[PDB]
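First comes the structure, then the notes that go with it.
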Amino acid sequence: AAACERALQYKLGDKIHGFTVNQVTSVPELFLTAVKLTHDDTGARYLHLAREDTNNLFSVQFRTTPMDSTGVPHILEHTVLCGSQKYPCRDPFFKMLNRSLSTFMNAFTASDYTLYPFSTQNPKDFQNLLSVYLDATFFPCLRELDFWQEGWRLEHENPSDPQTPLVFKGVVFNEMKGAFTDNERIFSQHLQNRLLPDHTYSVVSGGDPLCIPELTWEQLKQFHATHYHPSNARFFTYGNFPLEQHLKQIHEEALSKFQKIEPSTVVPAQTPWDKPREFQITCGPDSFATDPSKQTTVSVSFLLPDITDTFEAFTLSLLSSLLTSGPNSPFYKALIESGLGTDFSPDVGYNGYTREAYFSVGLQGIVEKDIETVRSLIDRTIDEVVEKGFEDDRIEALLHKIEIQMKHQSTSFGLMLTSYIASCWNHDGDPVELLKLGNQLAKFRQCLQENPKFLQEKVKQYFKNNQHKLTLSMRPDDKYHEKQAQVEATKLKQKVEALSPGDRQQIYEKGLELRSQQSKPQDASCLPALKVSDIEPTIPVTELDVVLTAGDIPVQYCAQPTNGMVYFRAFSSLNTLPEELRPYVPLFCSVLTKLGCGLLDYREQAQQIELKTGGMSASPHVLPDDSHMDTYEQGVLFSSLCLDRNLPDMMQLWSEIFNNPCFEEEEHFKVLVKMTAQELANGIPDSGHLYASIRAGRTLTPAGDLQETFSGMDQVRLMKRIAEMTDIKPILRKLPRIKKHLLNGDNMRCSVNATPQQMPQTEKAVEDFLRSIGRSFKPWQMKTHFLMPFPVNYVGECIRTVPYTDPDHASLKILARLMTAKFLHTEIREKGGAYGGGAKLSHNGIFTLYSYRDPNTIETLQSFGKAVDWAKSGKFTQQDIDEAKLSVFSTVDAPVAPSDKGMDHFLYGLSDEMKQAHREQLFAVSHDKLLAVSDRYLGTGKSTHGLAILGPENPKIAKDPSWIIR
């Protein structure tokens, strides 16, 4: 107390638990002081961030250097989360997922480094997880069966019949099939492979499905013994929990067992190229749009200097942002309205994941004959910028955007910190140096004001003068995945043929022991744990005050320490709008702040918003009632941000938007609609679970009906249909129809969060705004298939439950978390082989079953039937109800930002009263209430069902007449 104030007392040279204070430096603009220490005997490098935020976070880092496309480090992660010396219990990870009040909980394997992050708010639990991951990373029991489990292994379709064929399975196999399901990821990964073909950067670290089966247990264990030495370990901490305790635990627990070695993990530099090359590659089709010729993507990439010289890398990042961000940026001006493509390529702008940064730029969806056209345009635009450079207002707009990024306060801030620092600290950079952001801006302004032509000459050096240029053209192949299946079966037959009958018996026996492992309920009593008694009883109350102004519009002010940041939100109902125009409303949400306003054209309004604001976005929301299925609230939320000083101007922009937006630029309108059509078309895989949830619930709830109209596959389908229309003017006749019903104050409410010192001025500005605006069921079961060209599956089952305020809601919440933790997690992930699939209950009281990338389909349906059967059986313990209470508390008590707390009152009208009552009811949750509610709603014949599927073809589903094919 304070975190920085105590951290300042650390003196250089202090010997503490085998470490020595090496540097302590305060970063006041981030309101913390960073301290880095080193292990004296082994030399282990450590970084701490001490900042007065309760949500403490820990992660560790290893420099991971694969030399092949087998994916050894990524699978190595997936194994070392499943068992270690000191906690040899089976799968420590997903059990501790049911043990925590953690805020974020997973791990990534990046291209050249591996990171194990977690974040939580309870100190003793933090110590527990500290011990668990240090032991899991450093002393993992590396059983060959786990090697089989998370990596690659051959088993019969039924592990009990040694007569059915052996096939490749393992979670990593399906996960890499999915990772290369996306064409955008194909393009990215191939790009890294091509640009730096000299070393480990030339391989696919995540793992090529065509190369994984080549890994043997001996190779994996050799890799782990080679790379996981403490001398290759990076420790990074952020939060407020006392540091010396961290030192005590780590020193006396892990580091004592090893001695100094030197990792032979230095990454050599890419040799400079002298001449460009050109390459043409194939990828997968589109979902599921038109013009099989107008699907071509092209890019040019450029080598950048080493990123350890931080300032110039920052400089070049800003230059990239100048080059590509916003519809007033040059390459936008040359490319977008050229009618040549549909939007910017993947990986636009500065991309610094690897050692050596690269610039990228390009388009999607062209005709391949224009690749030379595109690159010629690139060269000409580059030269034009060389000769004239950029307008200074765009400089200031970028600087204002970076400043806003500097002060914005996240709910997962530590993860942001670690992801932004990971690469540099990995490659022997000085991690404090990226933290000196204010310093960066200072020298940035200095360098701009000293040279008018600095920016143009930098473009010269690093685009026109680098012979290390590479141009990539990328076209889809309709039989790409057919080719993949061919080569997969080919490798499969060669690998099965080389197997001896004794080898085949060992394989079958080990499959037998594997599903035995997956079947036996085992203990984790050696794991530490919490109890329901360990949760604080009450929440700190959230302060509100409702001030009716002009003359009945409620406005909320919440004094907060946001560091000079103003947060505005506004929501208008839709009750008067004629229902036929609802499906086009989402576009109205998406573009209304993007069409131009009054005396400002699209370029000028964009320049002003990006110069003064932080982002001005609209996305429609449907708010259900808490106590009635046939009552719900539908409307649009406008959201924004500014620093305190620039508020009046922003709100002025809001006013001129509300009264006179420019609805006549239909050309740039067509461009925007076709481009957002492109992102909705190419984003489909990543949120398939949500799309299925939405589709399955369409015929179940009026709130479900309007959400489906607003945010589902129906919406993207309508959008694509629109984006192919040649004549838009009838649609342009629709916009004023909406405007005349939307932006007024007839049925309006607004919300404001601001710093305490600021409210009086905000009140004047907002009343100016408000004076400146006008003042004139039967559920029915459906089964649906979207024929998707995908190697994986997405299933949705929804069952109509009852809303929030019924006391059984707590029961159903614990039931859902229970089912996920103890039936569906086991079956669906480890037995089934899908990476993700589970069940959740939304605030709307709709109980959902979801699947994310499952190789299996009908076994899923059988698994859900058996899951509800098992729930109704009661065949589960009271300790599990304890732990599911614990996890539900881990979700509902998620840290809430200065920016969001509490939006849910302003949205749903739920006070602290109802939620606190729900929290006491969660304390009081019993076994008999759970069994009663499970008998009341989840039993067969009691409720209405809804079913949906997105994925490849299934003849069995196709021959079912009670299924509808879509």
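Naming scheme: A, B, ... for chains in displayed order of the structure tokens; residues 1 onward per chain; ligands 1 onward as shown.
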
Subject >> helix (DSSP H, G or I) positions in stretch 446-632 of chain A, given as a count of residues only >> reply: 83

**OP:** Please report, as a PyMOL selection string, each residue of stretch 585-712 of chain A to which DSSP assigns strand (DSSP E or B) when run on this structure's backbone.
**Re:** chain A and resi 597+600+617-624+632-643+661

**OP:** Mind checking which residues fall within 9 Å of stretch 552-565 of chain A, counting only C-alpha atoms, ignoring those fewer than 5 positions away in the same chain, and posting them as a ChimeraX atom specification?
**Re:** /A:404,407-409,542-547,641-645,745-759,770,898-899,901-902,906

I need the residues from that last selection saved to file as a CSV table (one decimal), in the first residue's frame (with N, CA and C atoms), if you can.
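And here is the file that came out, out_35.csv:
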```csv
chain,number,residue,atom,x,y,z
A,404,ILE,N,-5.6,6.9,-26.6
A,404,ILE,CA,-6.8,6.2,-26.1
A,404,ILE,C,-6.5,4.8,-25.8
A,407,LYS,N,-4.8,4.8,-22.3
A,407,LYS,CA,-5.6,4.9,-21.1
A,407,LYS,C,-6.7,3.9,-20.9
A,408,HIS,N,-7.2,3.2,-22.0
A,408,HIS,CA,-8.4,2.4,-21.8
A,408,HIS,C,-8.1,1.3,-20.8
A,409,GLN,N,-9.1,0.9,-20.0
A,409,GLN,CA,-8.9,0.0,-18.8
A,409,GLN,C,-9.7,-1.3,-19.2
A,542,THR,N,-23.4,-0.9,-6.2
A,542,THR,CA,-23.1,0.0,-7.3
A,542,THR,C,-24.0,1.2,-7.2
A,543,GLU,N,-23.4,2.4,-7.2
A,543,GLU,CA,-24.1,3.6,-7.0
A,543,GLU,C,-24.7,4.2,-8.3
A,544,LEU,N,-25.9,4.5,-8.3
A,544,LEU,CA,-26.6,5.1,-9.4
A,544,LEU,C,-27.4,6.3,-8.9
A,545,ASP,N,-27.7,7.3,-9.8
A,545,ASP,CA,-28.6,8.3,-9.6
A,545,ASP,C,-29.3,8.7,-10.9
A,546,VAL,N,-30.6,8.7,-10.9
A,546,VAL,CA,-31.4,8.9,-12.1
A,546,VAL,C,-31.9,10.4,-12.1
A,547,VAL,N,-31.5,11.1,-13.1
A,547,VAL,CA,-31.9,12.5,-13.2
A,547,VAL,C,-32.8,12.7,-14.4
A,641,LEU,N,-16.6,6.9,-26.9
A,641,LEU,CA,-15.6,7.2,-25.9
A,641,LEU,C,-14.9,8.5,-26.3
A,642,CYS,N,-14.5,9.3,-25.3
A,642,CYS,CA,-13.5,10.3,-25.5
A,642,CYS,C,-12.8,10.6,-24.3
A,643,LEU,N,-11.7,11.3,-24.4
A,643,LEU,CA,-11.1,11.9,-23.2
A,643,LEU,C,-11.9,13.2,-22.8
A,644,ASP,N,-11.8,13.5,-21.6
A,644,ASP,CA,-12.7,14.6,-21.0
A,644,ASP,C,-12.7,15.8,-21.8
A,645,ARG,N,-11.5,16.3,-22.2
A,645,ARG,CA,-11.4,17.6,-22.9
A,645,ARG,C,-12.1,17.7,-24.2
A,745,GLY,N,-36.1,11.7,-29.4
A,745,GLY,CA,-36.2,11.5,-28.0
A,745,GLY,C,-37.6,11.2,-27.5
A,746,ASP,N,-38.4,10.6,-28.4
A,746,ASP,CA,-39.8,10.3,-28.0
A,746,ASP,C,-39.8,9.2,-27.0
A,747,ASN,N,-39.1,8.1,-27.3
A,747,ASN,CA,-38.9,7.0,-26.4
A,747,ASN,C,-37.4,6.7,-26.3
A,748,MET,N,-36.7,7.4,-25.4
A,748,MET,CA,-35.3,7.3,-25.4
A,748,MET,C,-34.8,7.2,-23.9
A,749,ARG,N,-33.7,6.6,-23.7
A,749,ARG,CA,-32.9,6.7,-22.5
A,749,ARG,C,-31.5,6.7,-22.8
A,750,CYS,N,-30.7,7.3,-21.9
A,750,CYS,CA,-29.3,7.4,-22.1
A,750,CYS,C,-28.5,7.1,-20.9
A,751,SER,N,-27.2,6.8,-21.0
A,751,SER,CA,-26.4,6.4,-19.9
A,751,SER,C,-25.1,7.1,-20.0
A,752,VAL,N,-24.4,7.5,-18.9
A,752,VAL,CA,-23.2,8.1,-18.9
A,752,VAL,C,-22.3,7.6,-17.7
A,753,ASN,N,-21.1,7.3,-18.0
A,753,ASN,CA,-20.1,7.0,-16.9
A,753,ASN,C,-19.0,8.1,-17.1
A,754,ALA,N,-18.6,8.7,-16.0
A,754,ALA,CA,-17.6,9.7,-16.0
A,754,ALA,C,-16.9,9.9,-14.7
A,755,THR,N,-15.8,10.6,-14.7
A,755,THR,CA,-15.1,10.9,-13.5
A,755,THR,C,-15.9,11.8,-12.6
A,756,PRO,N,-15.7,11.7,-11.3
A,756,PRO,CA,-16.5,12.6,-10.4
A,756,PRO,C,-16.4,14.0,-10.6
A,757,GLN,N,-15.2,14.5,-11.0
A,757,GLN,CA,-14.9,15.9,-11.1
A,757,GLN,C,-15.6,16.5,-12.3
A,758,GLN,N,-16.2,15.7,-13.2
A,758,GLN,CA,-16.6,16.1,-14.5
A,758,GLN,C,-18.1,16.3,-14.7
A,759,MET,N,-18.9,15.6,-13.9
A,759,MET,CA,-20.4,15.5,-14.2
A,759,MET,C,-21.0,16.9,-14.6
A,770,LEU,N,-29.7,16.5,-26.1
A,770,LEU,CA,-31.1,16.0,-26.0
A,770,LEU,C,-32.1,17.0,-26.4
A,898,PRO,N,-14.2,-0.2,-15.2
A,898,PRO,CA,-14.8,1.1,-15.0
A,898,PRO,C,-15.8,1.5,-16.1
A,899,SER,N,-15.6,0.9,-17.3
A,899,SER,CA,-16.4,1.3,-18.5
A,899,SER,C,-17.8,0.5,-18.5
A,901,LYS,N,-19.5,-0.9,-15.6
A,901,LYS,CA,-20.2,-1.1,-14.3
A,901,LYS,C,-21.1,0.1,-14.0
A,902,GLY,N,-22.4,-0.1,-13.9
A,902,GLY,CA,-22.9,-1.4,-14.3
A,902,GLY,C,-23.9,-1.2,-15.5
A,906,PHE,N,-28.5,-0.6,-16.6
A,906,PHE,CA,-29.1,0.4,-17.6
A,906,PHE,C,-29.8,-0.4,-18.7
```

**OP:** Go through A:710, A:58, A:180, A:46 and flag the residue nearest residue A:484, using only C-alpha atoms for the distances.
**Re:**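 Smallest distance to residue A:484 is found for A:180.
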
**OP:** State, in Å with one decimal place, the distance from atom CA of residue A:59 to atom CA of residue A:116.
**Re:**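 If I compute the distance from atom CA of residue A:59 to atom CA of residue A:116, I get 5.1 Å.
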
Original post:
Distance atom CA of residue A:78-atom CA of residue A:347, one decimal place?
Top reply: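 About the pair atom CA of residue A:78 and atom CA of residue A:347: they are 27.3 Å apart.
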
**OP:** Would you mind telling me which residue in A:253, A:391, A:278, A:477 lies nearest to residue A:133 when using only C-alpha atoms?
**Re:**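 Using only C-alpha atoms, residue A:133 sits closest to A:253.
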
Original post:
Between A:871, A:399, A:358, A:582, which has the minimum distance to residue A:437 (counting only C-alpha atoms)?
Top reply: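 Smallest distance to residue A:437 is found for A:399.
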
Original post:
atom CA of residue A:865 and atom CA of residue A:826, how far apart in Å?
Top reply: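 Computing the Euclidean distance for atom CA of residue A:826 and atom CA of residue A:865 yields 14.8 Å.
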
Original post:
Within 12 Å of residue A:736, counting only C-alpha atoms, which residues qualify if same-chain residues fewer than 2 places away don't, as a VMD selection string?
Top reply: chain A and resid 581 585 588 592 658 to 664 730 to 734 738 to 743

Using N, CA and C atoms, can you write the selected residues to a file as a PDB file, in the first residue's frame?
```pdb
ATOM      1  N   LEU A 581     -39.370  -4.053 -42.169  1.00  0.00           N
ATOM      2  CA  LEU A 581     -38.055  -3.474 -42.372  1.00  0.00           C
ATOM      3  C   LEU A 581     -37.048  -3.903 -41.321  1.00  0.00           C
ATOM      4  N   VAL A 585     -32.441  -3.557 -40.622  1.00  0.00           N
ATOM      5  CA  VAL A 585     -32.055  -2.734 -39.484  1.00  0.00           C
ATOM      6  C   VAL A 585     -30.614  -2.991 -39.055  1.00  0.00           C
ATOM      7  N   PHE A 588     -28.395  -0.800 -40.706  1.00  0.00           N
ATOM      8  CA  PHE A 588     -28.582   0.547 -40.194  1.00  0.00           C
ATOM      9  C   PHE A 588     -27.786   0.724 -38.913  1.00  0.00           C
ATOM     10  N   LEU A 592     -24.640   3.508 -39.802  1.00  0.00           N
ATOM     11  CA  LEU A 592     -25.260   4.816 -39.621  1.00  0.00           C
ATOM     12  C   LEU A 592     -24.243   5.879 -39.231  1.00  0.00           C
ATOM     13  N   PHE A 658     -27.237  12.753 -35.665  1.00  0.00           N
ATOM     14  CA  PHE A 658     -28.621  12.447 -35.359  1.00  0.00           C
ATOM     15  C   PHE A 658     -29.580  13.228 -36.233  1.00  0.00           C
ATOM     16  N   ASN A 659     -29.192  14.413 -36.687  1.00  0.00           N
ATOM     17  CA  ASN A 659     -30.126  15.209 -37.467  1.00  0.00           C
ATOM     18  C   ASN A 659     -29.876  15.194 -38.968  1.00  0.00           C
ATOM     19  N   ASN A 660     -28.623  15.185 -39.421  1.00  0.00           N
ATOM     20  CA  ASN A 660     -28.311  15.274 -40.851  1.00  0.00           C
ATOM     21  C   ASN A 660     -27.109  14.408 -41.212  1.00  0.00           C
ATOM     22  N   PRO A 661     -27.292  13.089 -41.264  1.00  0.00           N
ATOM     23  CA  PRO A 661     -26.265  12.219 -41.853  1.00  0.00           C
ATOM     24  C   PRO A 661     -26.419  12.140 -43.364  1.00  0.00           C
ATOM     25  N   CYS A 662     -25.299  11.935 -44.053  1.00  0.00           N
ATOM     26  CA  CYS A 662     -25.272  11.964 -45.517  1.00  0.00           C
ATOM     27  C   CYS A 662     -25.638  10.590 -46.066  1.00  0.00           C
ATOM     28  N   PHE A 663     -26.890  10.451 -46.510  1.00  0.00           N
ATOM     29  CA  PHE A 663     -27.395   9.213 -47.093  1.00  0.00           C
ATOM     30  C   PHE A 663     -27.375   9.180 -48.615  1.00  0.00           C
ATOM     31  N   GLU A 664     -26.546   9.967 -49.295  1.00  0.00           N
ATOM     32  CA  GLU A 664     -26.568   9.971 -50.750  1.00  0.00           C
ATOM     33  C   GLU A 664     -25.334   9.358 -51.396  1.00  0.00           C
ATOM     34  N   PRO A 730     -33.799   1.243 -54.342  1.00  0.00           N
ATOM     35  CA  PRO A 730     -34.949   0.924 -53.485  1.00  0.00           C
ATOM     36  C   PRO A 730     -34.557   0.747 -52.037  1.00  0.00           C
ATOM     37  N   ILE A 731     -33.363   0.215 -51.775  1.00  0.00           N
ATOM     38  CA  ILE A 731     -32.875   0.097 -50.407  1.00  0.00           C
ATOM     39  C   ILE A 731     -32.554   1.469 -49.847  1.00  0.00           C
ATOM     40  N   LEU A 732     -31.977   2.338 -50.675  1.00  0.00           N
ATOM     41  CA  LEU A 732     -31.700   3.699 -50.239  1.00  0.00           C
ATOM     42  C   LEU A 732     -32.979   4.443 -49.886  1.00  0.00           C
ATOM     43  N   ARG A 733     -34.104   4.068 -50.496  1.00  0.00           N
ATOM     44  CA  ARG A 733     -35.376   4.624 -50.055  1.00  0.00           C
ATOM     45  C   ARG A 733     -35.779   4.123 -48.678  1.00  0.00           C
ATOM     46  N   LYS A 734     -35.116   3.088 -48.173  1.00  0.00           N
ATOM     47  CA  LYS A 734     -35.500   2.527 -46.888  1.00  0.00           C
ATOM     48  C   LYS A 734     -34.865   3.271 -45.719  1.00  0.00           C
ATOM     49  N   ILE A 738     -36.270   4.546 -41.761  1.00  0.00           N
ATOM     50  CA  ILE A 738     -35.767   4.160 -40.450  1.00  0.00           C
ATOM     51  C   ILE A 738     -35.375   5.386 -39.639  1.00  0.00           C
ATOM     52  N   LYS A 739     -34.652   6.314 -40.265  1.00  0.00           N
ATOM     53  CA  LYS A 739     -34.141   7.482 -39.558  1.00  0.00           C
ATOM     54  C   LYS A 739     -35.263   8.274 -38.906  1.00  0.00           C
ATOM     55  N   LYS A 740     -36.376   8.443 -39.615  1.00  0.00           N
ATOM     56  CA  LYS A 740     -37.474   9.236 -39.086  1.00  0.00           C
ATOM     57  C   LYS A 740     -38.130   8.578 -37.884  1.00  0.00           C
ATOM     58  N   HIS A 741     -37.853   7.303 -37.641  1.00  0.00           N
ATOM     59  CA  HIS A 741     -38.363   6.637 -36.454  1.00  0.00           C
ATOM     60  C   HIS A 741     -37.310   6.377 -35.390  1.00  0.00           C
ATOM     61  N   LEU A 742     -36.026   6.489 -35.715  1.00  0.00           N
ATOM     62  CA  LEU A 742     -34.989   6.074 -34.777  1.00  0.00           C
ATOM     63  C   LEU A 742     -34.424   7.218 -33.944  1.00  0.00           C
ATOM     64  N   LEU A 743     -33.784   8.196 -34.575  1.00  0.00           N
ATOM     65  CA  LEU A 743     -33.021   9.178 -33.810  1.00  0.00           C
ATOM     66  C   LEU A 743     -33.893  10.367 -33.413  1.00  0.00           C
TER      67      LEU A 743
END
```

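Using only C-alpha atoms, the shortest contact distance between residue A:920 and any of A:883, A:536, A:144, A:184 is found at A:536.
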
Subject >> Neighbour list for residue A:260 as number ranges by chain, cut-off 12 Å, only C-alpha atoms, skip fewer than 4 positions in-chain >> reply: A: 39-44, 229-233, 255-256

Original post:
Of the candidates A:6, A:569, A:445, A:817, which shows the shortest atom-to-atom distance to residue A:50, using only C-alpha atoms?
Top reply: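 The shortest atom-to-atom distance to residue A:50 comes from A:6.
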
Original post:
Restricting the calculation to only C-alpha atoms, which member of A:720, A:628, A:840, A:495 is positioned closest to residue A:677?
Top reply: A:720

Just want the 8 Å neighbourhood of residue A:61, counted on only C-alpha atoms, with same-chain residues fewer than 2 positions away dropped. Output as a compact mmCIF listing (two decimals) with N, CA, C and O atoms, in the first residue's frame.
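Output file out27.txt follows:
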```txt
# COMPACT_ATOMS: atom_id res chain seq x y z
N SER A 59 1.91 -15.63 -15.61
CA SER A 59 2.25 -16.49 -16.73
C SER A 59 3.75 -16.65 -16.84
O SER A 59 4.53 -15.84 -16.32
N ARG A 63 11.18 -20.14 -24.72
CA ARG A 63 11.58 -19.94 -26.11
C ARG A 63 11.52 -21.29 -26.81
O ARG A 63 12.31 -22.19 -26.49
N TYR A 113 7.09 -19.23 -29.38
CA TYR A 113 7.16 -19.23 -27.94
C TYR A 113 5.89 -19.82 -27.37
O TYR A 113 4.83 -19.80 -28.01
N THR A 114 6.00 -20.36 -26.16
CA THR A 114 4.89 -20.99 -25.47
C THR A 114 4.65 -20.34 -24.12
O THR A 114 5.57 -20.22 -23.31
N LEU A 115 3.39 -20.00 -23.87
CA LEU A 115 2.98 -19.18 -22.74
C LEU A 115 1.90 -19.89 -21.94
O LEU A 115 0.98 -20.48 -22.52
N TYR A 116 2.02 -19.83 -20.61
CA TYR A 116 1.06 -20.47 -19.71
C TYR A 116 0.46 -19.39 -18.82
O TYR A 116 1.00 -19.09 -17.75
N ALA A 233 13.62 -20.38 -18.93
CA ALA A 233 12.30 -20.05 -18.42
C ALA A 233 12.17 -18.55 -18.22
O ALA A 233 13.10 -17.88 -17.75
N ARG A 234 11.00 -18.02 -18.58
CA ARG A 234 10.68 -16.61 -18.44
C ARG A 234 9.49 -16.51 -17.50
O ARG A 234 8.42 -17.05 -17.79
N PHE A 235 9.66 -15.81 -16.38
CA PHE A 235 8.58 -15.62 -15.43
C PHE A 235 8.10 -14.18 -15.46
O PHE A 235 8.89 -13.25 -15.32
N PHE A 236 6.79 -14.01 -15.57
CA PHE A 236 6.20 -12.69 -15.70
C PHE A 236 4.96 -12.62 -14.84
O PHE A 236 4.09 -13.49 -14.92
N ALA A 422 5.29 -10.37 -25.17
CA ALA A 422 5.81 -11.73 -25.24
C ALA A 422 6.94 -11.86 -26.24
O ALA A 422 8.01 -12.37 -25.92
N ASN A 426 10.82 -12.46 -25.48
CA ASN A 426 11.30 -13.75 -25.94
C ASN A 426 12.63 -13.63 -26.65
O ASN A 426 13.53 -14.45 -26.43
```

Original post:
Neighbours of stretch 292-305 of chain A within 8 Å (only C-alpha atoms; same-chain residues fewer than 3 positions away dropped), as an MDAnalysis selection string?
Top reply: chainID A and resid 195 286 313 345 356:368 371 374:375 462:463 466 468:476
